[PDB]
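Reproduced below: coords.pdb, with PDB, C-alpha atoms (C1' of nucleotides) and all ligand atoms.
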ATOM      1  CA  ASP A  13     -55.234 185.435 -70.582
ATOM      2  CA  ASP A  14     -57.368 185.654 -67.428
ATOM      3  CA  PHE A  15     -61.140 185.098 -67.628
ATOM      4  CA  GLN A  16     -61.607 183.717 -64.080
ATOM      5  CA  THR A  17     -63.442 185.442 -61.228
ATOM      6  CA  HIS A  18     -61.265 187.249 -58.676
ATOM      7  CA  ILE A  19     -62.785 189.535 -56.031
ATOM      8  CA  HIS A  20     -60.951 192.279 -54.143
ATOM      9  CA  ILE A  21     -62.348 193.430 -50.786
ATOM     10  CA  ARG A  22     -60.915 196.772 -49.653
ATOM     11  CA  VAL A  23     -61.182 198.447 -46.306
ATOM     12  CA  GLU A  24     -60.842 202.245 -46.670
ATOM     13  CA  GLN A  25     -60.722 204.832 -43.884
ATOM     14  CA  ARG A  26     -63.537 207.381 -44.107
ATOM     15  CA  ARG A  27     -62.982 209.534 -41.032
ATOM     16  CA  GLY A  28     -61.615 208.597 -37.601
ATOM     17  CA  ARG A  29     -62.529 205.029 -36.686
ATOM     18  CA  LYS A  30     -65.323 205.028 -39.292
ATOM     19  CA  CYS A  31     -64.619 203.250 -42.585
ATOM     20  CA  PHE A  32     -65.666 201.587 -45.843
ATOM     21  CA  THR A  33     -65.764 198.032 -47.095
ATOM     22  CA  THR A  34     -65.356 198.215 -50.865
ATOM     23  CA  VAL A  35     -66.281 195.082 -52.799
ATOM     24  CA  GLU A  36     -64.606 195.012 -56.201
ATOM     25  CA  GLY A  37     -64.843 192.487 -59.017
ATOM     26  CA  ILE A  38     -68.380 191.164 -58.778
ATOM     27  CA  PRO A  39     -69.282 189.596 -62.150
ATOM     28  CA  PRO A  40     -71.615 191.981 -64.023
ATOM     29  CA  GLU A  41     -74.255 189.274 -64.468
ATOM     30  CA  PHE A  42     -75.618 189.611 -60.917
ATOM     31  CA  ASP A  43     -78.270 192.178 -60.084
ATOM     32  CA  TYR A  44     -76.293 194.428 -57.801
ATOM     33  CA  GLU A  45     -79.388 195.991 -56.274
ATOM     34  CA  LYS A  46     -80.528 192.711 -54.708
ATOM     35  CA  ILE A  47     -77.131 192.396 -53.023
ATOM     36  CA  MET A  48     -77.324 196.069 -52.003
ATOM     37  CA  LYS A  49     -80.658 195.471 -50.291
ATOM     38  CA  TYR A  50     -79.886 192.142 -48.686
ATOM     39  CA  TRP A  51     -76.523 193.462 -47.431
ATOM     40  CA  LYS A  52     -77.940 196.661 -45.985
ATOM     41  CA  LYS A  53     -80.380 194.588 -43.995
ATOM     42  CA  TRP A  54     -77.962 191.701 -43.256
ATOM     43  CA  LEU A  55     -75.200 193.993 -41.981
ATOM     44  CA  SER A  56     -77.255 197.010 -40.803
ATOM     45  CA  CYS A  57     -75.513 199.560 -43.052
ATOM     46  CA  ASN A  58     -75.906 202.227 -45.654
ATOM     47  CA  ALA A  59     -74.178 201.334 -48.929
ATOM     48  CA  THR A  60     -73.690 202.534 -52.540
ATOM     49  CA  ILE A  61     -72.949 201.437 -56.111
ATOM     50  CA  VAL A  62     -69.935 203.103 -57.722
ATOM     51  CA  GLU A  63     -68.937 203.397 -61.387
ATOM     52  CA  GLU A  64     -65.241 203.260 -62.290
ATOM     53  CA  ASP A  65     -63.350 203.545 -65.597
ATOM     54  CA  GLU A  66     -66.661 203.128 -67.476
ATOM     55  CA  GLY A  67     -66.861 199.359 -66.938
ATOM     56  CA  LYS A  68     -66.259 198.631 -63.272
ATOM     57  CA  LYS A  69     -69.065 198.438 -60.726
ATOM     58  CA  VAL A  70     -68.113 198.344 -57.061
ATOM     59  CA  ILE A  71     -70.106 198.075 -53.840
ATOM     60  CA  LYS A  72     -69.347 200.512 -51.010
ATOM     61  CA  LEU A  73     -70.603 199.598 -47.519
ATOM     62  CA  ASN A  74     -69.992 201.731 -44.452
ATOM     63  CA  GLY A  75     -68.136 200.005 -41.629
ATOM     64  CA  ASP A  76     -65.823 197.006 -41.785
ATOM     65  CA  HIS A  77     -67.637 193.981 -43.190
ATOM     66  CA  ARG A  78     -64.989 191.818 -44.879
ATOM     67  CA  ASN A  79     -65.414 188.390 -43.243
ATOM     68  CA  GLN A  80     -69.219 188.578 -43.193
ATOM     69  CA  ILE A  81     -68.988 189.253 -46.919
ATOM     70  CA  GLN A  82     -66.393 186.610 -47.875
ATOM     71  CA  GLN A  83     -68.653 184.164 -46.079
ATOM     72  CA  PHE A  84     -71.632 185.506 -48.049
ATOM     73  CA  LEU A  85     -69.842 184.953 -51.365
ATOM     74  CA  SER A  86     -68.550 181.465 -50.598
ATOM     75  CA  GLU A  87     -71.957 180.454 -49.218
ATOM     76  CA  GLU A  88     -73.630 181.850 -52.321
ATOM     77  CA  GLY A  89     -71.067 180.265 -54.631
ATOM     78  CA  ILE A  90     -70.053 183.516 -56.292
ATOM     79  CA  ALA A  91     -66.485 182.416 -55.537
ATOM     80  CA  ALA A  92     -64.019 180.046 -53.918
ATOM     81  CA  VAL A  93     -61.997 181.294 -50.938
ATOM     82  CA  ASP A  94     -58.936 181.330 -53.244
ATOM     83  CA  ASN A  95     -60.491 183.875 -55.604
ATOM     84  CA  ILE A  96     -61.684 186.186 -52.830
ATOM     85  CA  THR A  97     -58.850 188.366 -51.563
ATOM     86  CA  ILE A  98     -59.313 190.600 -48.540
ATOM     87  CA  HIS A  99     -57.101 193.640 -48.150
ATOM     88  CA  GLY A 100     -57.397 195.295 -44.810
ATOM     89  CA  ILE A 101     -55.025 197.793 -43.276
TER      90      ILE A 101
ATOM     91  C1'   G B   1    -150.518 125.434   3.861
ATOM     92  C1'   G B   2    -145.255 127.196   4.441
ATOM     93  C1'   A B   3    -140.683 127.376   1.490
ATOM     94  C1'   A B   4    -134.681 127.197  -0.907
ATOM     95  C1'   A B   5    -132.769 126.888  -6.184
ATOM     96  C1'   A B   6    -134.158 128.368 -10.985
ATOM     97  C1'   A B   7    -136.539 131.559 -13.949
ATOM     98  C1'   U B   8    -139.927 136.264 -15.256
ATOM     99  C1'   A B   9    -141.530 141.791 -15.994
ATOM    100  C1'   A B  10    -140.636 146.497 -14.779
ATOM    101  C1'   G B  11    -137.390 149.729 -11.988
ATOM    102  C1'   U B  12    -132.866 151.595  -9.046
ATOM    103  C1'   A B  13    -128.365 151.750 -11.552
ATOM    104  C1'   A B  14    -122.574 150.918 -10.676
ATOM    105  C1'   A B  15    -118.975 150.330 -14.425
ATOM    106  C1'   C B  16    -117.067 150.293 -19.688
ATOM    107  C1'   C B  17    -117.316 152.323 -24.523
ATOM    108  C1'   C B  18    -119.043 156.561 -28.676
ATOM    109  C1'   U B  19    -120.460 161.928 -29.566
ATOM    110  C1'   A B  20    -119.924 167.319 -27.904
ATOM    111  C1'   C B  21    -118.309 170.559 -24.295
ATOM    112  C1'   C B  22    -116.718 173.007 -19.414
ATOM    113  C1'   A B  23    -113.128 173.309 -15.322
ATOM    114  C1'   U B  24    -107.943 172.583 -12.899
ATOM    115  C1'   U B  25    -103.311 171.069 -14.204
ATOM    116  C1'   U B  26     -99.938 169.336 -17.478
ATOM    117  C1'   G B  27     -96.524 167.030 -22.045
ATOM    118  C1'   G B  28     -95.531 169.518 -26.773
ATOM    119  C1'   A B  29     -93.596 169.954 -32.875
ATOM    120  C1'   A B  30     -93.498 175.003 -34.531
ATOM    121  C1'   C B  31     -93.144 180.152 -33.274
ATOM    122  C1'   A B  32     -91.043 183.318 -29.850
ATOM    123  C1'   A B  33     -90.503 187.888 -26.545
ATOM    124  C1'   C B  34     -89.709 191.718 -22.736
ATOM    125  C1'   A B  35     -87.166 194.787 -18.816
ATOM    126  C1'   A B  36     -82.255 196.188 -17.068
ATOM    127  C1'   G B  37     -76.892 197.195 -18.135
ATOM    128  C1'   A B  38     -72.785 198.612 -20.749
ATOM    129  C1'   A B  39     -66.077 199.991 -24.070
ATOM    130  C1'   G B  40     -69.752 195.829 -30.086
ATOM    131  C1'   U B  41     -72.185 197.698 -35.585
ATOM    132  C1'   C B  42     -74.556 201.594 -39.181
ATOM    133  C1'   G B  43     -76.000 206.256 -39.032
ATOM    134  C1'   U B  44     -77.700 210.822 -35.834
ATOM    135  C1'   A B  45     -84.361 210.921 -35.153
ATOM    136  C1'   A B  46     -85.023 214.000 -30.388
ATOM    137  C1'   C B  47     -83.429 217.832 -26.336
ATOM    138  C1'   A B  48     -80.874 224.868 -28.536
ATOM    139  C1'   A B  49     -85.152 227.834 -34.126
ATOM    140  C1'   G B  50     -80.798 219.677 -32.824
ATOM    141  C1'   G B  51     -79.344 222.789 -37.769
ATOM    142  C1'   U B  52     -85.774 220.867 -42.003
ATOM    143  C1'   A B  53     -89.777 223.809 -34.867
ATOM    144  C1'   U B  54     -91.638 219.615 -32.460
ATOM    145  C1'   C B  55     -95.824 216.616 -31.499
ATOM    146  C1'   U B  56    -101.298 213.956 -32.672
ATOM    147  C1'   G B  57    -104.599 211.194 -36.332
ATOM    148  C1'   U B  58    -104.007 208.942 -40.891
ATOM    149  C1'   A B  59    -101.847 207.153 -45.374
ATOM    150  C1'   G B  60     -97.631 205.778 -48.512
ATOM    151  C1'   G B  61     -92.348 204.832 -48.721
ATOM    152  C1'   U B  62     -88.184 202.733 -46.341
ATOM    153  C1'   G B  63     -80.667 199.452 -43.676
ATOM    154  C1'   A B  64     -81.767 202.179 -39.287
ATOM    155  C1'   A B  65     -83.574 205.776 -36.738
ATOM    156  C1'   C B  66     -87.093 208.125 -39.826
ATOM    157  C1'   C B  67     -89.081 210.687 -44.436
ATOM    158  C1'   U B  68     -93.169 212.768 -47.293
ATOM    159  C1'   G B  69     -98.615 213.829 -48.125
ATOM    160  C1'   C B  70    -103.317 215.871 -45.884
ATOM    161  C1'   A B  71    -106.075 218.040 -41.317
ATOM    162  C1'   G B  72    -104.848 219.342 -36.537
ATOM    163  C1'   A B  73    -102.061 221.144 -31.127
ATOM    164  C1'   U B  74     -98.420 224.904 -28.461
ATOM    165  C1'   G B  75     -96.755 221.436 -24.649
ATOM    166  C1'   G B  76     -93.700 227.326 -29.773
ATOM    167  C1'   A B  77     -89.149 229.586 -31.490
ATOM    168  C1'   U B  78     -95.312 234.616 -31.765
ATOM    169  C1'   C B  79    -100.044 236.433 -25.499
ATOM    170  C1'   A B  80     -98.358 242.008 -29.396
ATOM    171  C1'   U B  81     -98.910 246.748 -35.404
ATOM    172  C1'   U B  82    -104.437 249.184 -40.866
ATOM    173  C1'   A B  83    -101.886 254.388 -41.621
TER     174        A B  83
HETATM  175 MG    MG A 201    -112.022 165.964 -23.274
HETATM  176 MG    MG A 202     -81.118 198.457 -24.736
HETATM  177 MG    MG A 203     -96.336 202.336 -41.698
END

Can you present the structure in this file as structure tokens?
Amino acid sequence: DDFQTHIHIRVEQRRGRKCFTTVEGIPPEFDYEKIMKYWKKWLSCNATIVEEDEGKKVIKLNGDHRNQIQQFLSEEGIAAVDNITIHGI
RNA sequence: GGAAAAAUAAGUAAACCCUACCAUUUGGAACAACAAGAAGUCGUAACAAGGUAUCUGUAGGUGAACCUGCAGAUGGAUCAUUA
């Protein structure tokens, strides 16, 4: 029985050195578009909203943003460092 | 008669305040650039018909260059086709 907030931050290879930072497990209650906007400007990126398995909304930024983001979430109290997991490879 | 102090009226007017400014410097909360360089980030606007020809004025949109509307210029990729 898990209702708590856990956030998975992926880094996926696009082509060559270029990549993706995929933010997964943002609670549905937050307007994703505002985070889209503010992140595009904050990080200087293009980014997208992606629909998975009919319920799951993920954020896809170009380039590797993980620490910037984890900091954004802790600072904005969307999570504790324990609930934010960062998988890079 | 002469004449010092002391007083008197008007003037010259230093200095010190109050108002409003000018000049030459200067302290300063708060804002805050620019040029140069290159092994940071996102993309690839422009050079070739840069891959949607560019570019000017304007107006709107917008992570970013930029994009789109209207009128314009070849500095164009056309000096050129009535039968
Ligand atoms: Mg003065
Ligand atoms: Mg520079
Ligand atoms: Mg404008």

Taking all atoms listed in the file into account, which of A:53, A:69, A:78, A:29 comes nearest chain B?
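With all atoms listed in the file as the atom set, the closest residue is A:53.
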
Go through the shown structure with the PyMOL selection byres ((chain B) within 10 of (chain A and not hetatm)) and write out the matching residues as a PDB file with C-alpha atoms (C1' of nucleotides), in the coordinates of the input.
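This went into out-v3.pdb:
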ATOM      1  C1'   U B  41     -72.185 197.698 -35.585  1.00  0.00           C
ATOM      2  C1'   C B  42     -74.556 201.594 -39.181  1.00  0.00           C
ATOM      3  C1'   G B  43     -76.000 206.256 -39.032  1.00  0.00           C
ATOM      4  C1'   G B  63     -80.667 199.452 -43.676  1.00  0.00           C
ATOM      5  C1'   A B  64     -81.767 202.179 -39.287  1.00  0.00           C
TER       6        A B  64
END

How would you write as a PyMOL selection string the residues that get within 12 Å of (-60.3, 191.8, -52.0) in the file's frame, counting all atoms listed in the file?
chain A and resi 17-24+33-38+70-71+77-79+81-82+85+91+93-101

What is the distance, in Å and to one decimal place, between atom MG of ligand MG 201 (chain A) and atom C1' of residue B:27?
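Spanning atom MG of ligand MG 201 (chain A) to atom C1' of residue B:27 is a straight-line distance of 15.6 Å.
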
Length of the atom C1' of residue B:73 to atom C1' of residue B:52 vector [Å]
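Atom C1' of residue B:73 sits 19.6 Å away from atom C1' of residue B:52.
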
For the PyMOL selection byres (((not hetatm)) within 9 of (chain A and resi 203)), applied here, can you spell out every residue it catches as a VMD selection string?
chain B and resid 59 to 61
